[PDB]
Amino acid sequence: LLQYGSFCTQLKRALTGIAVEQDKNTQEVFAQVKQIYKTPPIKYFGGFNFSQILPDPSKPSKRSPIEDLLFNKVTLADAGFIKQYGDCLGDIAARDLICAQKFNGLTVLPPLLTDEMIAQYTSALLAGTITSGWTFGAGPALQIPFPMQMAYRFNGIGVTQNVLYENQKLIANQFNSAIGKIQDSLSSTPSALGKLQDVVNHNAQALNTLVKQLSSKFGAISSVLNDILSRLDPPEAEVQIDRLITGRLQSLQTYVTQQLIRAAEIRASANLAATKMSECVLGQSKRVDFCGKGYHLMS
Amino acid sequence: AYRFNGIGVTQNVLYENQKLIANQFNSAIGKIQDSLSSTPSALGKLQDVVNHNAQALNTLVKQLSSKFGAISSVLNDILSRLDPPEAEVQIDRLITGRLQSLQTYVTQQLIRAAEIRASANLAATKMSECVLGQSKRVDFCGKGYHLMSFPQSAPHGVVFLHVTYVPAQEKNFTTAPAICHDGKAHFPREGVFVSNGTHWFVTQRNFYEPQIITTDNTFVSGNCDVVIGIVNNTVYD
Amino acid sequence: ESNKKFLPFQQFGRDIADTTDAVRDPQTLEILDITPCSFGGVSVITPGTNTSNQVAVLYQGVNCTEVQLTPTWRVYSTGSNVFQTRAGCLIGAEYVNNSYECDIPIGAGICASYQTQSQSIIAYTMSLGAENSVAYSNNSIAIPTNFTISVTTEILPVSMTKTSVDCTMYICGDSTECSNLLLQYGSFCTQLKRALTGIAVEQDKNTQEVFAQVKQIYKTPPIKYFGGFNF
Ligand SMILES: *[C@@H]1O[C@H](CO)[C@@H](O[C@@H]2O[C@H](CO)[C@@H](O)[C@H](O)[C@H]2NC(C)=O)[C@H](O)[C@H]1NC(C)=O
Ligand SMILES: *[C@@H]1O[C@H](CO)[C@@H](O[C@@H]2O[C@H](CO)[C@@H](O)[C@H](O)[C@H]2NC(C)=O)[C@H](O)[C@H]1NC(C)=O
Ligand SMILES: *[C@@H]1O[C@H](CO)[C@@H](O[C@@H]2O[C@H](CO)[C@@H](O)[C@H](O)[C@H]2NC(C)=O)[C@H](O)[C@H]1NC(C)=O
Ligand SMILES: *[C@@H]1O[C@H](CO)[C@@H](O[C@@H]2O[C@H](CO)[C@@H](O)[C@H](O)[C@H]2NC(C)=O)[C@H](O)[C@H]1NC(C)=O
Ligand SMILES: *[C@@H]1O[C@H](CO)[C@@H](O)[C@H](O)[C@H]1NC(C)=O
Ligand SMILES: *[C@@H]1O[C@H](CO)[C@@H](O)[C@H](O)[C@H]1NC(C)=O
Ligand SMILES: *[C@@H]1O[C@H](CO)[C@@H](O)[C@H](O)[C@H]1NC(C)=O
Ligand SMILES: *[C@@H]1O[C@H](CO)[C@@H](O)[C@H](O)[C@H]1NC(C)=O
Ligand SMILES: *[C@@H]1O[C@H](CO)[C@@H](O)[C@H](O)[C@H]1NC(C)=O
Ligand SMILES: *[C@@H]1O[C@H](CO)[C@@H](O)[C@H](O)[C@H]1NC(C)=O
């Protein structure tokens, strides 16, 4: 194999580039603000109930109930943790695909940012947008009562403030009911989070196909190198080894190309998500159907 | 002044602070050259394209010295050392390897071209929306409230200079949603009610400029028994 | 030792990749399981060679207690240089208790840097940002009293280099037999030329679309006075 050029250096370079791009995507999406704001100890906002989205201090992970439901809904195969060689050597007579992948040179790297840091970023964004409105996205954060912010948003969509000030209780009750229905809607629907599951399914399928490809003959007498070496005369074994080498190189190149295309698509999706976070959360948008259906208020 | 009116500030704010604004703009422009020169890795995105192209071409050239399972990497040696019907089995290996290298190079170039096209589309949209007009999209033409932008050309790319307005030196105040007077509720037309401790004024949004509360800058449109947190005072005519 | 229940007529055991993992001893009818010997990947963390020649080593996916090795060199562990992260085992760096901005990424929230403390290599947990807390009240507001004009820069790539390739010169050079042999391999080179030409045209299209918004060439007035603004 040493005399077939530098294909493997190119493969390693492409994989490293994809790995770096993933962390860049996450950082660009989730690190808009550099200040960690905290919610006030007293939770009164004019009758608006935000308990379903604020972090829950009782549980160790400090996640909101909706985030807990979301994390329980999606099933993950490998998290990049230490799938230690000690775990694979345990020989529990139940051989999973992870050990087979690991025994053939295929590994998974952990992301730079943990889930706790992402939760902290989300909590900071929520606290800022609840206590300051849209001021903290353009400079220093300025305090303001929540109903006044809501009236300002109604003025933004083209309705006078007395409409809000004379219907505060009804609006608060409607918002509370709408928030309450979200958890039931998410739980009842079985295929709500299909987009997130598709990525995991695609990655697992690609790795399994790559592992399964090792049992092909590619026109040789056997798919095992040791059998060829032990059964054949040394100058005659190269013509059989070359076929296997070429087939495996072709499989690796196909895998790398597919990974590159999928990475480009994921990068486009991440850019869209970052734009949505900048425009619908840190401000009020007038673009039609960009931050929901209807007249946008907040997100 | 028209741009300040666009971001939500009255014109007299500019007309009474023309010299200060001009000096601030001049200093901000002057600092740009020093900031660009001092930073060594400011223009990394533009250098990455050149580095990638050079590396790809160098790899393609270096690939010509591989044997691909043949007896030599030079065609002349094979032709001069081997019997003519036996030389094809050696030439074919080299041909196939070089074809594979070319195909790999072409695929990589296509993917990079797609990425560059996406970047160029974004740059064209930014040029249309931030330079030829004033944008209200948050964080699209800089950080802060957008005023205007200037383009400059660079090797294989463009540079945008965004000018933005940032508030500073804030102060606390006491506020109320409405003012009660003669059994009637008054709401501000534009701005917010503010109290310094004894009196009540009405001010605008992003700049502190108190005014006497009057029927000229308020509308009544209601009664004084349903608004929560109302404060009663006097309204002049 | 093997816990598998081989049938009396079976002699071998295979896995998904179709390689042997269970065997039966020819002399004593006993089942044995075969596992690969320990292995892993190694990464090197260093500052620039212009700064120092010190390095740190990261063994990926390896528990710190399981470290004739394939690499001849060995980095020997002292009392304090060994650290365990969810990304592997780190040797040659000291874990400090402070937090800074990330300098060299390592793993799950762990970064490394070169610090003067005697200069050394330290490892830490990255800091998200400065702590803050805004006071919230339902009868209080904050209003700015001054402003600042700021100027920022943004860099965007537009186009890249346009290249062309000659198949016959690259693959066969001046040989005629090679060209005759290549002539019967189809029309791959026509496709290659078409793709390269398309990319070359697209580059010029990108530049034209970016830089040709207006069709009138305006000129600045000879007198440069704009109310005190210096351009
Ligand atoms: C905000 O909503 C939550 C959930 O609807 C309320 O929590 C409920 O409180 C009642 C009375 O204390 C309990 O019987 C329920 O079991 C709680 N539900 C959950 C899911 O914990 C909460 O009280 C609301 N906020 C306020 C201020 O009333
Ligand atoms: C709040 O603002 C009002 C309006 O300017 C202040 O009242 C003035 O105070 C000055 C200073 O003594 C007097 O010369 C003026 O005659 C007052 N105005 C009127 C209409 O009488 C008031 O002092 C301010 N309060 C605080 C705490 O600064
Ligand atoms: C708003 O900020 C500007 C700039 O920070 C202030 O202008 C400065 O004022 C001080 C005090 O007179 C001078 O010593 C500086 O030379 C000024 N700077 C410039 C660039 O002119 C301005 O005073 C502030 N506004 C208020 C009302 O205090
Ligand atoms: C606009 O700014 C430039 C640069 O800050 C000014 O040019 C300077 O002018 C002074 C006095 O003529 C010279 O001593 C400097 O050497 C010049 N700097 C450079 C870089 O050439 C220019 O004068 C300013 N415009 C006006 C109208 O004053
Ligand atoms: C406003 O008051 C709060 C609480 O007293 C304080 O934290 C804040 O610094 C004050 N704002 C200014 C601009 O002084
Ligand atoms: C004005 O407000 C005060 C304080 O709440 C209240 O005692 C008084 O009754 C109000 N005036 C009228 C005419 O209701
Ligand atoms: C093979 O020979 C050895 C030594 O003579 C003996 O211990 C063993 O049981 C034999 N095995 C069989 C299968 O005959
Ligand atoms: C590493 O080995 C020690 C030794 O007993 C063990 O306690 C620890 O759980 C191991 N760590 C992992 C991640 O397997
Ligand atoms: C690091 O700081 C934490 C903060 O309380 C402390 O509990 C811990 O003991 C410190 N560790 C060392 C090694 O000093
Ligand atoms: C908000 O208003 C309520 C009135 O129900 C009051 O009890 C509370 O103290 C107010 N918030 C603050 C921060 O004073």
Side-chain angles (χ1 to χ4, degrees), chain A residues 20 23 31 33-40 42 44-46 80-86 88-89 91-93 95 97 100 102-104 107-114 116-117 120-121 124 127-128 130-132 135-136 139-148 208 211-212 214-215 223-224, chain C residues 1-5 13-22 33-41 43 60-66 84-89 101-102 105-111 125-144 147-148 150:
Chain A
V20 173
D23 282 331
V33 298
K34 299 289 94 176
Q35 302 257 335
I36 306 295
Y37 304 104
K38 302 187 65 57
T39 185
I42 297 169
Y44 184 78
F45 304 110
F81 61 93
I82 304 183
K83 184 62 178 181
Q84 178 67 9
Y85 175 81
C88 274
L89 69 85
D91 201 2
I92 61 173
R95 185 62 64 192
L97 305 162
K102 209 191 79 64
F103 285 162
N104 287 304
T107 54
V108 165
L109 313 165
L112 174 63
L113 284 186
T114 50
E116 288 81 8
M117 314 174 159
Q120 279 180 252
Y121 272 130
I130 281 173
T131 46
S132 302
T135 48
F136 82 113
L142 311 164
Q143 45 183 347
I144 187 157
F146 192 78
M148 293 177 71
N208 282 330
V211 159
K212 182 62 66 68
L214 272 170
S215 88
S223 61
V224 189
Chain C
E1 294 289 330
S2 186
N3 279 334
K4 300 185 182 180
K5 286 177 285 297
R14 300 263 200 78
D15 66 341
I16 296 90
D18 291 331
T19 187
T20 311
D21 55 359
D33 291 331
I34 320 167
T35 57
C37 305
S38 183
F39 65 96
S43 292
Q60 298 170 174
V62 177
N63 202 24
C64 276
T65 76
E66 296 81 322
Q84 166 87 54
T85 71
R86 276 191 268 143
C89 201
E101 293 83 3
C102 201
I106 284 182
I110 308 286
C111 308
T125 300
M126 62 189 309
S127 180
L128 299 195
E131 182 63 41
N132 202 332
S133 55
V134 65
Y136 175 80
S137 188
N138 44 23
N139 62 336
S140 181
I141 205 170
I143 283 153
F147 53 86
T148 289
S150 80

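Within every chain, numbering begins at 1; the chains are lettered A, B, ... in the order of the sequence lines, protein sequences first and strands thereafter. Keep in mind that the numbers below use all heavy atoms, side chains included, and drop hydrogens, waters and symmetry copies.
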| query | Looking at A/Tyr44, A/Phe103, A/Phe81, which has the largest count of heavy-atom pairs under 4.5 Å with chain C? | reply | A/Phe103

| Would a line drawn from the ring center of C/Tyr136 to the ring center of A/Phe146 be shorter than 6.0 Å? | no

| field | A/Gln143 side-chain N/O to C/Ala142 backbone N/O, donor-acceptor pair under 3.5 Å | value | no

| note | Under 4.5 Å to a heavy atom of chain A? For C/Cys37 that would be backbone

| request: Examine whether an atom of A/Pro111 lies under 4.5 Å from a heavy atom of chain C, and if so say whether it belongs to the side chain, the backbone or both; otherwise answer neither. | output: backbone

| query | Which atoms form the tightest heavy-atom contact between C/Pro105 and A/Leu112, and what is the distance? | reply | CB-CD1, 4.0 Å

| message | Below 4.5 Å, heavy-atom pairs only: which of C/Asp18, C/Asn138, C/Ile143, C/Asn132 has the largest tally toward chain A? | response | C/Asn132

| Contact summary for C/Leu128 and A/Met117, nearest pair of heavy atoms | CD1-O, 3.8 Å

| message | Show the nearest heavy-atom pair for residues C/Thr85 and A/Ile82, with the distance to one decimal. | response | O-CD1, 3.7 Å

| task | Look at A/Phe136, A/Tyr85, A/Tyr37 and state which one has the largest set of heavy-atom pairs under 4.5 Å with chain C. | result | A/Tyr85

| message | I need the residue from C/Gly129, C/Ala108, C/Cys111 with the largest number of non-hydrogen atom pairs under 4.5 Å to chain A. | response | C/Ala108

| request: Against chain C, label A/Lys38 side chain, backbone, both or neither, depending on which of its atoms sit under 4.5 Å from a heavy atom there. | output: both

| Toward chain A, the part of C/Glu1 with a non-hydrogen atom under 4.5 Å | backbone

| remark: Scanning both residues in full, the closest heavy-atom pair of A/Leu142 with C/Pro144 reads CD1-CD, 4.1 Å

| said: Give me the atom names and distance for the closest heavy-atom approach of A/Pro145 to C/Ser140. | reply: CD-O, 3.4 Å

| request: Compare every heavy atom of C/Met126 with every heavy atom of A/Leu113, then report the nearest pair and how far apart it is. | output: CD2-SD, 3.9 Å

| field | Toward chain A, the part of C/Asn139 with a non-hydrogen atom under 4.5 Å | value | backbone

